[PDB]
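Quick note: the coordinates plus some simple rules give every number you see, no bench work behind them. Cβ placement follows ideal geometry from the backbone for every residue including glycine, while neighbour counts extend to all protein chains displayed.
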Protein chains: 4
Amino acid sequence: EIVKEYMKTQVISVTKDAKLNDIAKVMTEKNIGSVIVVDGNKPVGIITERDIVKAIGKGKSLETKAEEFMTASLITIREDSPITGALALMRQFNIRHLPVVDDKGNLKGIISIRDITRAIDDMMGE
Amino acid sequence: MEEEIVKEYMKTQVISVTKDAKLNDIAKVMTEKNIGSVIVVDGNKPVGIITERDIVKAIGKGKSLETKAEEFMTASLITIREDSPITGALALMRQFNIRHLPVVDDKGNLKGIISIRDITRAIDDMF
Amino acid sequence: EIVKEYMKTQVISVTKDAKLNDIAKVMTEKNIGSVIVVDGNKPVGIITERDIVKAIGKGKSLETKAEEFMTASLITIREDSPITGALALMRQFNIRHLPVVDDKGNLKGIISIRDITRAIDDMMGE
Amino acid sequence: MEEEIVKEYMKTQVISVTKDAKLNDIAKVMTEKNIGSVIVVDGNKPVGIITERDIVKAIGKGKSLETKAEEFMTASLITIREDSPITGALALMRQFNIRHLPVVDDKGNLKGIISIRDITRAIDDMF
């Protein structure tokens, strides 16, 4: 089983200077719970619904920039990689989400631990 | 065997906020308690629920940090008494196509939350 | 949801005087884990793989008759009944299996608690 | 984070019978311990497994009550060390398309049983 068959297809992202309220609006209209923060050319972080609640919960304003409340992270994975490969990286880098790119580097999707345990559920004798 | 009752399978010590609690204070509770939702109460009685998504949605709609709970929560008055048999909670969940139900006492006050998973565990238990 | 959509289709049964070793042979060839014991016209009990192991485990011989090691029970349910109806009977009569019959009384199948919890799993917003 | 290891998620205190144990004695253990299967060992080392179905099958094939464990068990030498990382057990399960694995110590002796559900729980835990 590969990342591609379990990741959530998603090419939308937001810049490191994007505003929290604007980010929230994108996620709401696109109907997504997580989003990759890119420093123009590459992913530099991830933002989930929990990160937005936590940011407000810590005293940050609705204008706070993405880079100030996202989970900073540079690691990515190829969509062709085995899911167990994604699991290993999430563990080693302590992250619940992985931006998924192609052989060229273009952002294709995002895969999370939920997807991993799911793929496991889908896969036996006693 | 006798019927198992909600009270013995519900998750107690749930977190709630009043219907006029402000968005920022609610986000603060969820952040400090590390939870993904809270029950909104009106004088101890459940009137809705606020999830992380409800918060993000309200912000994405331009609501300020002072927005009251009742203005952006998911409204719901569906509840089940703690003295109710397990299957009673099940019948209510099916009827309203929902996985969780606030649990109240005979006076209508919030006591806990029971989920569809709690129900199957109760079935497994008695068997 | 009704019993019929979750029960295991099965019209085979064994008599109350049937021998344990013969019962075991039927279940093995038909590849089933449970079986209804009938007193000719109606169900009078149930026999599962566990009952056969338990019978041997208690000192009974391979020749032991069905009625001597089965779970005695006369209750049945219609295949058209709602699953919650099956759950109620299993609870009230303390049994993990229910012989399923039709409007005429013919043995159609057997439904167990596993089927019930399964049907529940298959069925929502948060 | 470091890798979780089999030892911390395996079910210990499992029941085993020797490879020459008789069918009736094995059935007696399973009945008295109220379990659905036992590990068959050869000098503490796992050589197979006997489930309720294996017992019924042997009887249905005319085997007597004195039939030895090794004659009707499901033979299997696939095992995983208790010091192994969780994913190691996972890789072995996938490879052999099986949901459970006997766990042994460095000397090959039976210590427990780890299942695919234990693996997902370990994943949920560390996350």
Subject >> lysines with Cα under 20 Å of A:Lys16, excluding same-chain neighbours fewer than 8 positions away >> reply: A:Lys25, A:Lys30, A:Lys42, A:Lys54, A:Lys58, A:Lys60, A:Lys65, A:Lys108
Original post:
Under the Karplus relation 6.51 cos²θ - 1.76 cosθ + 1.60, θ = phi - 60°, what is the ordered set of whole-Hz ³J(HN,Hα) values for region B:42-52, x standing for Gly and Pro?
Top reply: 10, x, 6, 9, x, 10, x, 8, 10, 9, 4
**OP:** Using Cα positions and a limit of under 16 Å, work out the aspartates and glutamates in reach of C:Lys19, with same-chain residues fewer than 8 apart set aside.
**Re:** C:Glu29, C:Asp39, C:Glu49, C:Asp51, C:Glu63, C:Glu67, C:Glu68
Subject >> Per-residue ³J(HN,Hα) for region C:101-116, Karplus 6.51 cos²θ - 1.76 cosθ + 1.60, θ = phi - 60°, Hz, x for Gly and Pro >> reply: 10, 9, 4, 9, x, 5, 6, 9, x, 8, 10, 10, 3, 4, 5, 4
**OP:** Find the centroid of the Cα atoms in region A:52-126 and in region C:54-74, then give the distance between the two in whole Å.
**Re:** 56 Å
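Within chain B, how many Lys pairs sit with Cα atoms under 13 Å apart, leaving out pairs fewer than 8 places apart on the same chain?
Working: B:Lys7/B:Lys111; B:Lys11/B:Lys111; B:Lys19/B:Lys45; B:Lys19/B:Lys68; B:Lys22/B:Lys63; B:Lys22/B:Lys68; B:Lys45/B:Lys107; B:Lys45/B:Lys111.
For chain B, qualifying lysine pairs total 8.
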**OP:** Could you pull out every residue, at least 5 positions away or on a different chain, whose amide H is within less than 5 Å of the one on B:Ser84? Hs are placed 1.01 Å off N in the peptide plane, and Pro or chain starts have none.
**Re:** B:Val6, B:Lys7
Original post:
What is the helix-to-structure angle for D:23-33, meaning the angle in degrees between its Cα long axis and the longest Cα principal axis of chain D, kept from 0 to 90 and rounded to the nearest 10?
Top reply: 50 degrees
Original post:
Highest GNM mean-square fluctuation, chain B, Cα pairs closer than 10 Å: which of B:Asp106, B:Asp25, B:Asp42?
Top reply: B:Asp106
Original post:
Residues with amide H under 5 Å of D:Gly112's amide H, sequence separation 5 or more or different chain, H placed in the peptide plane at 1.01 Å from N; which?
Top reply: D:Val103
**OP:** Percent of Cα-Cα pairs per 10 Å bin, from 0 to the last occupied bin, for region A:59-126, please list those.
**Re:** 18, 42, 26, 12, 2, 1
Original post:
Given the C-alpha centroids of region B:1-59 and region D:23-94, what is the distance between them in whole angstrom?
Top reply: 47 Å
Subject >> Within-11-Å neighbourhood charge of C:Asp80 [Cβ basis; K, R +1; D, E -1] >> reply: -1
Original post:
Taking A:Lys8 as the anchor, which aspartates and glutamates have their alpha carbon closer than 12 Å to its alpha carbon, excluding any fewer than eight residues away along the same chain?
Top reply: A:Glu79, A:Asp115
Subject >> Rounded to whole Hz, the Karplus (6.51, -1.76, 1.60) HN-Hα couplings of region C:54-62, x for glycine and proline >> reply: 5, 4, 5, x, 9, x, 5, 8, 5
Subject >> Sorted by Cβ neighbour density within 10 Å, fewest at the top, the residues D:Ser76, A:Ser112 >> reply: D:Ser76, A:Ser112
